[PDB]
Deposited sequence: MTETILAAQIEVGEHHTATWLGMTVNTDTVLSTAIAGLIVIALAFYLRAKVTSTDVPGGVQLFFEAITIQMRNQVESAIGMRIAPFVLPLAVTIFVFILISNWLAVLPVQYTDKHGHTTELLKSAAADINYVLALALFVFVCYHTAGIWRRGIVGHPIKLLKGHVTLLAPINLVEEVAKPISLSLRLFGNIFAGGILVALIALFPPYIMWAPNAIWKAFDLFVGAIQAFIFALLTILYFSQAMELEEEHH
């Protein structure tokens, strides 16, 4: 009956790649790039802002207030662009699931966060970034000892377990959440149509809020992990 782990795979460089996930990641990237070029054309400081300017201003002021509260914009200015792109890129990648792309069952487009490779690309990039930023501020060897010491030096094994748990939590929370939605839509499609639409619309409506809340959790927790890596 059901299927879940399958992908439209290809070999690109001896490495095995998914055609789905990658095209969905490309569509999310192209939508975010197009929306950013629309801002670059239409942005006004003198004249009253349009909706796309109001959107990026609301996200930028929100993520700036978080960076400024957590660590300071003078210390960590590179975290603001990263928090903004993490939010907007996850948000669009999640919200593309609202499209009616299911058919007799298969979908023309998976949400990219239903693939472990996508969430590892985001989480392991963020992990390398806050450790590299943490080293550039806490020292090459000074940083690694502060990761062990934490706030209470006797807890050093628990502090090491926290540093291992962060990239795994970022990965598997985002994956497990969007992957759950991917399983729910195929088991809802076991209903006949006269009734299928009601559980489907209930799920897709809450999956818009959940898809936005995910994007926000990943962006907030990214800013906090930068603040912990750059403290003292």
query: Where does the model skip over parts of the deposited sequence?
result: 1 to 8, 113 to 117, 246 to 250
